[PDB]
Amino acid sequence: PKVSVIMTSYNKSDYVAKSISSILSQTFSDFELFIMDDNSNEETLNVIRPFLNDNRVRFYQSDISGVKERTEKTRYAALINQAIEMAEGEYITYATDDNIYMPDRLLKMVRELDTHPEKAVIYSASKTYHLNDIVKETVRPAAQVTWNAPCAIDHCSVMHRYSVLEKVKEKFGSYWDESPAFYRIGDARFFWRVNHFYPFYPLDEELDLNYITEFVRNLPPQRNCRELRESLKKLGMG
């Protein structure tokens, strides 16, 4: 496949079907979809199940259980790394169990990277609808090329060439950072590693959507966005 879509899933039974469906109906259909379920409850697994009949889906379920295991690593980062090691696509993109892809998302992102060989990481705009009908609508824009993506660009808004993962692993020893000190902002930490070598190029269109309507006590102290943004400003790549 041209594209490997890596989705992480953990106990969001009321949302995961809409997420998975949004990927499976894309107008660009030449992808493999990894569904990396982190040993979810029965209800979640029962919602996911019918989608496994789609021949593009690559379903992997962890054996993880209990607070020690759930807090030893940033779990979604661990599952993404496992899927990266199995991916066959030239382009890599990420999805979650409560985020929806707009219908031409893969088409538009594949076209941008196909047309601009000099761009290695692209990002689109994203929209979040707050429900209470809609009480509020937020948009995270994609207006400029940026060497400082952490906490400005979401997990679900990017696509990058597979070759980006090589540089990152060479410097840092892994792709995403499994350290549990980056549990809350794992996407920012991976973008932080990418920003050591590449800027993020914008695609100014809203191509992903979010709807908002003992574990915590065992994680270590969470590192924050300001720390990541200040280290990239100090690194001065742009």
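Residue numbers run from 1 along the displayed sequence.
Unmodelled deposited residues between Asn132 and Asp133, binned: Unresolved stretch here: 1 to 3 residues.
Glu214 preceded by how many uncoordinated deposited residues after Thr213: Per the record, 10 or more deposited residues are absent between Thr213 and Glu214.
Segment of higher mean CA temperature factor, 177-185 or 35-43: The deposited B-factors put 177-185 ahead on the C-alpha mean.
Given 86-94 and 162-170, the range whose Cα B-factors average higher in the PDB entry: Per the PDB entry, the higher value belongs to 162-170.
Residue selected from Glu112, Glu137, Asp104, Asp154 by maximal Cα B factor: In this record, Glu137 carries the highest C-alpha B-factor of the candidates.
Residue, from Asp204, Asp54, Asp30, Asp208, that the PDB entry assigns the highest Cα B-factor: That would be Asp204.
Record-listed C-alpha B factor of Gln222: chain third: According to the entry, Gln222 has a C-alpha B-factor in the chain's highest third.
Record-listed C-alpha B factor of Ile122: chain third: Lowest third of the chain for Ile122's C-alpha B-factor.
Third assignment of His116 from its chain's C-alpha B-factors: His116: CA B-factor falls in the highest third of its chain.
Record-listed C-alpha B factor of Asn81: chain third: According to the entry, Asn81 has a C-alpha B-factor in the chain's lowest third.
For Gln144, the third of its chain into which the C-alpha B factor falls: Top third by C-alpha B-factor.
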